[PDB]
Structure formats: structure tokens, C-alpha cells
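Participant: I have a structure here, written as C-alpha cells, and I will follow up with some questions on it.
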Amino acid sequence: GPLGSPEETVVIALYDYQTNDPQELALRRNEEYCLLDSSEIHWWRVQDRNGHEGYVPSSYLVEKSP
């Protein structure tokens with residue numbers, strides 16, 4: 001891993017989110033997600049701990065800043 005990502009921020013899922021289409025991803029209560037794109041609560045691009053990235057609601061995600 002010589003290079004990194006534009007967004008080294010993480011977010012925590014507040015509630016189990018569920019999408020209707022494959023375009024977006026689902027969230028899981030008490031879980032972290034590697035934030036990639038955060039333009040607005042409308043859609044937040046994050047990545048799971050498996051290697052997949054998708055869109056999710058920011059309203060159900062908290063900025064992991066301990």
C-alpha cells in the first residue's frame with residue numbers, strides 16, 4: 001500500500017440501514033465504515049471491513065473522532 005485514500009475518516013453506524021437497490025450499501029448497528037466520499041447527508045460513500053464500498057445515509061453515521 002504505497003498510496004492511500006483521499007478520505008482517511010471513519011464513521012459509526014447508529015442503526016441497521018437497508019437499501020432497496022445494489023447501488024447503495026447497508027449499515028449495521030455498532031459498526032465502523034471507512035468513509036470515502038462525504039458531500040452531504042443525501043448520500044455518503046463508505047467502505048465496509050470486507051473490501052466493498054457503497055452509498056449510505058449520513059444521518060445514521062457518526063464521525064469516528066475519539
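Within each chain, counting starts at residue 1; across the C-alpha cells, chains are named A, B, ... in the order shown, with ligands numbered 1 upward in that order.
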Any idea what's packed within 7 Å of residue 30 (chain A), counting only C-alpha atoms, ignoring anything in its chain fewer than 2 positions away? Could you give it as a list in words?

Facilitator: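 Surrounding residues, per the criterion: residues 12, 13, 14 and 28 of chain A.
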
Participant: Okay, now the selection with C-alpha atoms, as a PDB file, in the first residue's frame?

Facilitator:
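Final file, part.pdb:
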ATOM      1  CA  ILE A  12     -20.015   4.500  13.014  1.00  0.00           C
ATOM      2  CA  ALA A  13     -23.441   3.066  12.195  1.00  0.00           C
ATOM      3  CA  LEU A  14     -26.143   4.238  14.604  1.00  0.00           C
ATOM      4  CA  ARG A  28     -25.055  -2.316  10.763  1.00  0.00           C
TER       5      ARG A  28
END

Participant: Pick out the residues sitting within 12 Å of residue 31 (chain A), and hand them over as a ChimeraX atom specification; count only C-alpha atoms, and ignore anything fewer than 5 positions along from it in its own chain.

Facilitator: /A:10-17,26,46-49,60-64

Participant: Could you write out the selected residues, including N, CA, C and O atoms, as a tab-separated table (two decimals), in the first residue's frame?

Facilitator:
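Dumped to part-v9.tsv:
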chain	number	residue	atom	x	y	z
A	10	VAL	N	-13.42	7.72	9.39
A	10	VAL	CA	-14.30	6.58	9.60
A	10	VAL	C	-15.62	7.02	10.23
A	10	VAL	O	-15.68	8.03	10.93
A	11	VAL	N	-16.67	6.25	9.99
A	11	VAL	CA	-17.99	6.55	10.54
A	11	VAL	C	-18.60	5.33	11.22
A	11	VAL	O	-18.37	4.20	10.80
A	12	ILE	N	-19.37	5.58	12.27
A	12	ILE	CA	-20.01	4.50	13.01
A	12	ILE	C	-21.51	4.45	12.73
A	12	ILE	O	-22.19	5.48	12.73
A	13	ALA	N	-22.02	3.25	12.48
A	13	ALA	CA	-23.44	3.07	12.20
A	13	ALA	C	-24.27	3.17	13.47
A	13	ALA	O	-24.02	2.47	14.45
A	14	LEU	N	-25.27	4.04	13.45
A	14	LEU	CA	-26.14	4.24	14.60
A	14	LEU	C	-27.30	3.25	14.58
A	14	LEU	O	-27.79	2.82	15.63
A	15	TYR	N	-27.74	2.88	13.38
A	15	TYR	CA	-28.84	1.94	13.23
A	15	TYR	C	-28.65	1.09	11.97
A	15	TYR	O	-28.00	1.50	11.02
A	16	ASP	N	-29.24	-0.11	11.98
A	16	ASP	CA	-29.14	-1.02	10.85
A	16	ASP	C	-29.89	-0.46	9.64
A	16	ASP	O	-31.12	-0.53	9.57
A	17	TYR	N	-29.14	0.09	8.69
A	17	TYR	CA	-29.73	0.66	7.49
A	17	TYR	C	-29.88	-0.40	6.40
A	17	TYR	O	-29.07	-1.33	6.31
A	26	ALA	N	-25.65	-1.17	2.87
A	26	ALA	CA	-26.41	-1.23	4.11
A	26	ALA	C	-25.50	-1.05	5.32
A	26	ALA	O	-24.34	-1.44	5.29
A	46	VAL	N	-19.10	5.04	1.70
A	46	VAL	CA	-18.28	4.41	2.72
A	46	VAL	C	-17.85	3.01	2.30
A	46	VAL	O	-18.35	2.47	1.31
A	47	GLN	N	-16.93	2.42	3.06
A	47	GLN	CA	-16.44	1.08	2.75
A	47	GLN	C	-16.48	0.19	3.99
A	47	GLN	O	-16.11	0.62	5.09
A	48	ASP	N	-16.94	-1.04	3.82
A	48	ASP	CA	-17.04	-1.99	4.92
A	48	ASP	C	-15.67	-2.59	5.23
A	48	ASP	O	-14.66	-2.18	4.67
A	49	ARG	N	-15.65	-3.56	6.14
A	49	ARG	CA	-14.41	-4.22	6.53
A	49	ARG	C	-14.19	-5.49	5.72
A	49	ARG	O	-13.48	-6.40	6.15
A	60	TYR	N	-27.41	8.45	9.72
A	60	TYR	CA	-27.27	7.22	10.50
A	60	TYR	C	-25.80	6.85	10.67
A	60	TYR	O	-25.47	5.70	10.94
A	61	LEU	N	-24.93	7.84	10.52
A	61	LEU	CA	-23.49	7.62	10.66
A	61	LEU	C	-22.84	8.75	11.44
A	61	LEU	O	-23.10	9.93	11.17
A	62	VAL	N	-21.99	8.40	12.40
A	62	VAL	CA	-21.30	9.39	13.21
A	62	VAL	C	-19.80	9.38	12.93
A	62	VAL	O	-19.18	8.32	12.82
A	63	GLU	N	-19.22	10.57	12.81
A	63	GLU	CA	-17.80	10.70	12.54
A	63	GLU	C	-16.97	10.14	13.69
A	63	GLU	O	-17.01	10.65	14.81
A	64	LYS	N	-16.22	9.07	13.41
A	64	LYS	CA	-15.39	8.44	14.42
A	64	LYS	C	-14.17	9.30	14.74
A	64	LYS	O	-13.12	9.18	14.10

Participant: With only C-alpha atoms as the basis for distance, which of A:9, A:44, A:20, A:34 is at the shortest distance from residue 66 (chain A)?

Facilitator: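 That would be A:9, the residue with the smallest distance to residue 66 (chain A).
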
Participant: Skipping near chain neighbours, those fewer than 4 positions away, what residues fall within 12 Å of residue 40 (chain A) using only C-alpha atoms, listed as number ranges by chain?

Facilitator: A: 44-45, 55-59, 61

Participant: Interatomic distance between CA of residue 24 (chain A) and CA of residue 54 (chain A)?

Facilitator: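 Atom-to-atom, CA of residue 24 (chain A) and CA of residue 54 (chain A) are spaced 5.0 Å apart.
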
Participant: Between CA of residue 22 (chain A) and CA of residue 65 (chain A), what is the spacing in Å?

Facilitator: 29.0 Å

Participant: Enter the distance from CA of residue 7 (chain A) to CA of residue 19 (chain A), in Å, rounded to one decimal.

Facilitator: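 Those two atoms sit 23.2 Å apart.
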
Participant: Run DSSP on the backbone and give me the residues of chain A it puts in strand (DSSP E or B), as a list in words.

Facilitator: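 In chain A, DSSP puts these residues in strand (DSSP E or B): residues 10, 11, 12, 13, 24, 32, 33, 34, 35, 36, 37, 38, 39, 40, 43, 44, 45, 46, 47, 53, 54, 55, 56, 61, 62 and 63 of chain A.
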